[PDB]
Amino acid sequence: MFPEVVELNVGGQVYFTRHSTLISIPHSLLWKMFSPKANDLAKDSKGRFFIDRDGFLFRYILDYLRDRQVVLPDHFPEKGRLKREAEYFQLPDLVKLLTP
Amino acid sequence: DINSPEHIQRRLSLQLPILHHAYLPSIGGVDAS
Amino acid sequence: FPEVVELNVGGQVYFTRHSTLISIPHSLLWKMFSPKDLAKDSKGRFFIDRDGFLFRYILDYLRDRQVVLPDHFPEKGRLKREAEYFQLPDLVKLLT
Amino acid sequence: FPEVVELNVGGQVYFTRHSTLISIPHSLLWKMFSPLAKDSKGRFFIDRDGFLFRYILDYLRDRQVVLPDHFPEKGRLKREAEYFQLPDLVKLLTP
Amino acid sequence: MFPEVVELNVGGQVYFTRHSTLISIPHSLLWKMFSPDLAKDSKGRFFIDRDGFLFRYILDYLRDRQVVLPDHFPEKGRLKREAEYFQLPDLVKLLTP
Amino acid sequence: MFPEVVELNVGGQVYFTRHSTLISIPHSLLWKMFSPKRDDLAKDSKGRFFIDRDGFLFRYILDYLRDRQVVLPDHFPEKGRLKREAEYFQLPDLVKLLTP
């Protein structure tokens, strides 16, 4: 029983997003986590759902879930790292976009 | 005046890419306490 | 709608006047906030499910219909994509 | 210790699970959080460079670290890996 | 009239410095501003619409009455322009060949 | 009486470090400020101790106080300036390490 807008804490970076966005990719890690099947998932001191991953790169993960594509900054040094985050969250098509 | 609503809220401060900050990530989202 | 609307964009809270959101006809925020569904957070703030940091320059455009970016803006391409979502035709032209 | 540990590393705030910090026995982070100094907000304090701890924290999660393309501080990160006593991470950083 | 530590915003970069540092050089531009109606940013810090990268050196000159440039600094002419704006005659000559 | 974790503000860059680190090098500038009992230091609006020096270069000054050694980044463009900051804080050995 999740709210419409989910409060995320990724490694100390707070994120708000819609619950429908988290389950946008079936059989993904975020799909397994937030699929109703809500009090067992780990939370932080303020009750926000906690993801134990890099907070800075999670910003671009949410853009993929929203748009099914990701525009990176003009000069980006961490394409390889974002691919590793995409692998963890189980986003096959995002890994393809990041694999040359 | 130089201090006015549209004038004041125009001046948004961001961290310029000085030294290590040029290559280290600065924007990931809202901070947690 | 109140005089000052409290928005939550990807977790970043913004304060702005209703007039700024409806300043550009046929825009996405114009369709949302035109006096005539919406999603609110735990504090009752209207929620936009987009990147919170880039909305700062979209909001400056809605106010003045112009935006001077810093000289080393590393995410011009992303702001172009965010402008596309909010449907601001003149702004996207400015970035191309 | 709570399940989600709130850390302050040299002024950079990081959140991680308690299980992640003690994943590698006999490392410094293992000695600290195995059953302390806290900052003004109650967060557990690590007196090291906060920017590099992100890559130390990524190592504890995946047992590997992909650095940015032209990362200028591989040598500095190795020094942090030595302080936290992570032998395998130090190995990855030497050529 | 001013606090001991002043909050400055130069071209989007936030700087903290002592009030004594701003008035360290009499009859200079920064001295004229803070000597006992100013412009302030969104967060209330005094705003200067100048180059944020070059203000580091200008601020260090106020501290030590001297400035060490970065290794292989070829934008000295640009730093000279900022020194002229802030009205620091002795620093302008140091940067003039 | 000082807290175990000291909150510093150097030229607008905030740094946290232990009180033991500040007094790690006797007869240094930071040692003079934090070693005796005082009744006087300069603090900003939020109560953080204020050092009126370049905040970005303090990152490497603080790392020296921890380890008595400093690894600089690859292609560090301000080796000469860091030496000047080291002289101000009165760290004789660090100035020697930075002179080629």
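Labels for the chains are A, B, C, D, E and F, by order of writing; each one numbers its residues from 1.
The criterion applied here is as follows: a residue touches a chain if its C-beta (ideal position, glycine included) is under 8 Å from a C-beta of that chain, and two chains touch if they have at least 3 such contacts.
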- Message: On the document's contact criterion, could you list the chains that touch chain D and likewise touch chain E?
- Response: B, F
- Task: Determine the chain that sits nearest the middle of the structure, using the mean of its CA atoms as its centre.
- Result: B
- Compare the CA centroid of chain F with every other chain's and tell me the farthest one. C
- Task: If you tally contacting C-beta pairs, which comes out ahead, A-B or B-D? Let me know.
- Result: A-B
- Message: How many angstrom lie between the centres of chain E and chain F, each centre taken as the mean Cα position?
- Response: 22
- Note on the structure: chain B to chain C, mean C-alpha position gap in Å, rounds to 18
- Cα centre of chain B to Cα centre of chain E, whole Å, reads 19
- Listing for chain A: what residues touch at least two other chains? 9, 12, 14-15, 44, 55-56, 59, 77-78
- Query: On chain B, where are the residues touching two or more other chains?
  - Reply: 10, 12, 14, 16, 18, 20, 23, 25, 27, 29-32
- What are all the touching pairs of chains? A-B, A-C, A-D, B-C, B-D, B-E, B-F, D-F, E-F
- What residues on chain A touch chain C, complex-wise? 3-5, 7-8, 14-18, 21, 59, 62-63, 66-67, 71-75
- For the chain A and chain D complex, residues of the former touching the latter: 9, 11-12, 42-45, 50, 52-56, 77-81, 84, 88
- Task: Would you tell me which residues of chain C are touching chain B in their complex?
- Result: 10-12, 52-53, 56, 60, 63-64, 70, 72
- Item | Complex interface listing, chain E residues touching chain B | 9, 11-14, 38-43, 45, 47, 52-53, 56
- Message: Going by the contact rule set out above, which residues of chain B touch chain D in the complex?
- Response: 20, 23-25, 31-33
